[PDB]
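Structural features, examined
Now for the letters of each chain:
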Amino acid sequence: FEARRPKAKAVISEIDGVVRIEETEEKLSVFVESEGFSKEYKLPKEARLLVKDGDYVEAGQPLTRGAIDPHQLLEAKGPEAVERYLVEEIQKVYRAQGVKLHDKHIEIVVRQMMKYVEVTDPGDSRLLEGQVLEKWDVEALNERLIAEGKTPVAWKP
Amino acid sequence: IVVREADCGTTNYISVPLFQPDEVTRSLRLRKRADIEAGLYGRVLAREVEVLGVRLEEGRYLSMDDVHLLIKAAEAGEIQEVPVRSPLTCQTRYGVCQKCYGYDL
Amino acid sequence: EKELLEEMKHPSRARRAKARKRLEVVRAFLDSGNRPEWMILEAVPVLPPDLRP
Amino acid sequence: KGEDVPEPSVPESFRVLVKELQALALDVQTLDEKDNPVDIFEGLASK
Amino acid sequence: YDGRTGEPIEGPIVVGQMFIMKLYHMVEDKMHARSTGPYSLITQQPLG
DNA sequence: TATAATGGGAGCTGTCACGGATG
DNA sequence: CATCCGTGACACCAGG
Ligand SMILES: [Zn+2]
């Protein structure tokens, strides 16, 4: 509920690609290789893996075991993925303790968590790069600027 | 957050999966009944659904029997996810609408 | 505000960030109509006595 | 008297909040929809 | 035997002597109600 | 209203997260 | 782009 980076944080892929393991007797790394890109994820030697070598992993798919950083999942895979993840992970606890509870309420709260956005390009507006505001307000401003024919604001969730 | 209107007219929705990947990474197995019920019961269908010879119309409030029917359909391989109105996708300002929220449980 | 807007076009990320942080306060004072100096007190108010009996 | 209870008015603790904020050099202003000030103190504190 | 009917309890019941105390939490000290009453100085709210 | 006097003195013992400062 | 640090916050009623 606080959207905190977990202590036992799982490592997720920033892009798509194929798995290439490279494990020396003393160190370990995982490489996701695209058609023309390659990402290196140097992780400690004793971390559990979820990726069989030479597999195709989605962006934001977990490589290591553990809890996913919701902000990393947001950057990698987008808002729908984070909403799915938060709702399911909270429900896991509640089902484990034997508590029946409707996704409706958790979704309400998550909706309030996804309430704001961050400007990446002000366009023709008075806003600033990095300024935080509400999704509703930036969408209203962008609709008014598209009506005026101006460049809308580029915003990130 | 209050129910402030009857319908925000959104065309967006979420898809409640009826299957989850096995921890063996072997296949997809059916979710537990209670989980599907907590995901679907009392909700409004965002799209037409035709399973086991029954028409579940858009705008229908899924009763518990509708949920058991959808579970039966998924068991017979006719459906893998249910499109549904949800507060995640409601566009009512300062709250949600009636269709997106669904039942008063 | 103009100096900070000029600073907002800098290649450095931290300088852009600090210019934004200053410009948000500047624009708060501008859009509100409050003089910055009012953050300094000349006449300290006194609460009504019945509220501190 | 056997009469139905009246519609309420401003609770005193909100007036206490407003005055304790004024004591912090903060002007709290109850406004109407025209953004014109509304006097919750009924003129008893305006010179 | 059920004292209201004279019929027996359908099963045999555990009966015996037990040591039971009366704790200090008696309702005579706790029942309380108020229509109106004293109010606080600054807040003008009911006392507690 | 006058000798001279010229720099204090406690403190007493969380746990975490977050945002800002520094280094 | 890290570590360090100062400052927040830490359930309800009851009686006290
Ligand atoms: Zn809606």
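Numbers on residues come from counting from 1 along each chain's written sequence, not from the entry itself, and any residue without coordinates is not displayed. Working convention: letters from A go to chains and numbers from 1 go to ligands, in the order in which they are written. Only some chains of a larger assembly appear here, and every value describes just that portion. As a rule here, side-chain values cover all heavy atoms of the structure and leave hydrogens and water aside.

Looking at the entry header, you'll see X-ray crystallography listed as the method and 2.693 Å as the resolution.

Let's talk about the sheet that holds strand 3 (residues 29-33) of chain A
Backbone-to-backbone hydrogen bonds join strands into a sheet, with any given pair of strands oriented parallel or antiparallel. Any two strands with at least two DSSP bridges between them are considered paired. Segments assigned H or I by DSSP are reported as helices when at least four residues long, segments assigned E as strands when at least two residues long, and all are numbered from the N terminus. Across the sheet, four strands lie side by side as 4-3-2-5 (chain A); this open sheet has antiparallel pairing. Lying at the two open borders of the sheet, with one neighbouring strand each, are strand 4 (38-42) and strand 5 (56-57) of chain A.

Describing a nonpolar patch on the surface
A cluster of nonpolar residues, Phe1(A), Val93(A), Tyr94(A), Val99(A) and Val109(A), forms a patch on the protein surface that exposes about 430 Å² of accessible area. Of note, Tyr94(A) is situated in helix 2 (residues 79-96). Grouping into patches uses exposed residues only, defined as over 30% relative accessible area, and leaves out salt-bridged ones; the cut-off is 9 Å for like charges and 5 Å for nonpolar side chains (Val, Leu, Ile, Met, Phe, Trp, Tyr). Here the accessible surface of atoms and residues is derived via Shrake-Rupley with a 1.4 Å probe, and residues count as covered only by protein chains that are part of the display. What makes a salt bridge here is a side-chain nitrogen of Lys or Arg within 4 Å of a carboxyl oxygen of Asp or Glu, nothing more.

Notes on the sheet that holds strand 9 (residues 154-156) of chain A
Residues and elements named next belong to chain A. What the three strands build is an open sheet, ordered 8-7-9; its pairing is antiparallel. Pairing within the sheet leaves two strands with one partner each, and these edge strands are strand 8 (132-134) and strand 9. Sheet twist, expressed as the mean angle between neighbouring strand axes with direction ignored, is 50°. Pairing of strand 7 (residues 116-121) with strand 9, which is carried by three bridges, proceeds in the antiparallel orientation. Angular values range over 0 to 180 degrees, each being the angle between N-to-C directions of two axes fitted as lines to C-alpha atoms, with helices fitted over their stretch in contact.

With respect to the interface of chain A and chain B
In this complex, chain A contributes 17 residues to the contact, which on the side of chain B involves 26 residues. Three residues, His102(A), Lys104(A) and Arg111(A), lead the burial of chain A against chain B; their summed loss comes to 35% of the area buried on that side. Applying the counting rule to chain A against chain B returns three salt bridges. Across the salt bridge formed by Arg43(B) and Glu107(A), the nearest N and O atoms sit 2.6 Å from each other. Here a polar contact is taken to be a pair of N or O atoms separated by no more than 3.5 Å, where protein atoms must pair a possible hydrogen donor with a possible acceptor and residues adjacent in sequence count only if both atoms sit in side chains. Applying the counting criterion to the chain A and chain B interface returns 13 residue pairs in polar contact. At the level of secondary structure, the elements contributing two or more residues to the side of chain A that touches chain B comprise helix 2, helix 3 (103-113) and helix 4 (135-147) of chain A. The element best represented in the side of chain A that touches chain B is helix 3 of chain A, accounting for eight residues. In this analysis, two residues are considered to be in contact whenever any of their non-hydrogen atoms come within 4.5 Å of each other. By buried area we mean the combined loss of accessible area, with a 1.4 Å probe, across both parts when two parts are placed together.

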